[PDB]
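*Asks:* An experimental structure, sequence included, is below.
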Amino acid sequence: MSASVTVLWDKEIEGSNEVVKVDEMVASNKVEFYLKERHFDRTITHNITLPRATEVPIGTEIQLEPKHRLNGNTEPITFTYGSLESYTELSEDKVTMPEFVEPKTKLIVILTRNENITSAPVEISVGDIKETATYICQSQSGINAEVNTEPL
């Protein structure tokens, strides 16, 4: 009813790897800037997938410990085959804005973050049944603010 689990971390595959533009904000001219801080949802989705013809019985628990986590969570993720095959972590990404737009100056705030997909083999055993599943991590980094100044 409960599997022993080993992630072949050294076999990790690097899927998508992108720096994503999240937003841009512009103002022109001292005057005070629109927001002092922006707040952003940040997620990491963890997935387990099994071969279509697997012998793993429906209901089996697969407990693994991911590499990329949020909020300093350390506890294992518990997937259940055929019920709970995905799990999403949510944290609050707080980003400080520039306070002032300076005189004779147009400022541009560029907000970016990294987003990766990685996958790895998971060796699964329930009793005499062995399987190699695939673990998939959909990750987002913290946001970076680039301040760009023009004399207009």
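*Replies:* Received, thanks. Numbers count the residues shown, from 1 in each chain.
*Asks:* residues near residue 152, how many?
*Replies:* Using other Cβ atoms under 10 Å, residue 152 has 8 neighbouring residues. (C-beta placed from N, C-alpha, C; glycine too.)
*Asks:* try residue 136
*Replies:* As a burial measure, residue 136 scores 16 neighbours (other Cβ under 10 Å).
*Asks:* separation between it and residue 29?
*Replies:* 47 Å (Cβ to Cβ, to the nearest Å).
*Asks:* Equivalent analysis for residue 41, please.
*Replies:* Applying Cβ to Cβ, the value for residue 41 to residue 29 is 32 Å.
*Asks:* Counting neighbours, go ahead and name the busier of these two.
*Replies:* For residue 41 versus residue 29, the count of surrounding residues by other Cβ under 10 Å is larger for residue 29: 14 against 9.
*Asks:* Verify the stated contact: the more buried one with residue 150.
*Replies:* No - if you go by Cβ atoms under 8 Å, residue 29 and residue 150 don't touch, sitting 10.1 Å apart.
*Asks:* Now the common contact residues for the two.
*Replies:* 105-106 (Cβ atoms under 8 Å, 6 or more residues apart in numbering).
*Asks:* Leaving out sequence neighbours, find the closest residue to the residue of the chain most remote from its centre.
*Replies:* Within the chain, residue 104 marks the point farthest from the mean C-alpha position, 39.5 Å out by Cα atoms, centre = their mean. Spatial nearest neighbour of residue 104, chain neighbours left out: residue 151 (5.6 Å); criterion: Cβ to Cβ, 6 or more residues apart in numbering.
*Asks:* show me what contacts the one you found?
*Replies:* Residue 151 neighbours (Cβ under 8 Å, 6+ apart): 104-106.
*Asks:* Which of these fall in strands?
*Replies:* Members of the contacts of residue 151 lying in strands (criterion: DSSP state E): residue 106.
*Asks:* Next, find the distance separating residue 66 from residue 109.
*Replies:* According to Cβ to Cβ, residue 66 and residue 109 sit 32 Å apart.
*Asks:* which residues of this structure fall in strands?
*Replies:* Using DSSP E, the strands of the chain run over 4-7, 13-28, 31-32, 37-49, 61-64, 77-80, 86-96, 100-101, 106-126, 129-140, 144-150.
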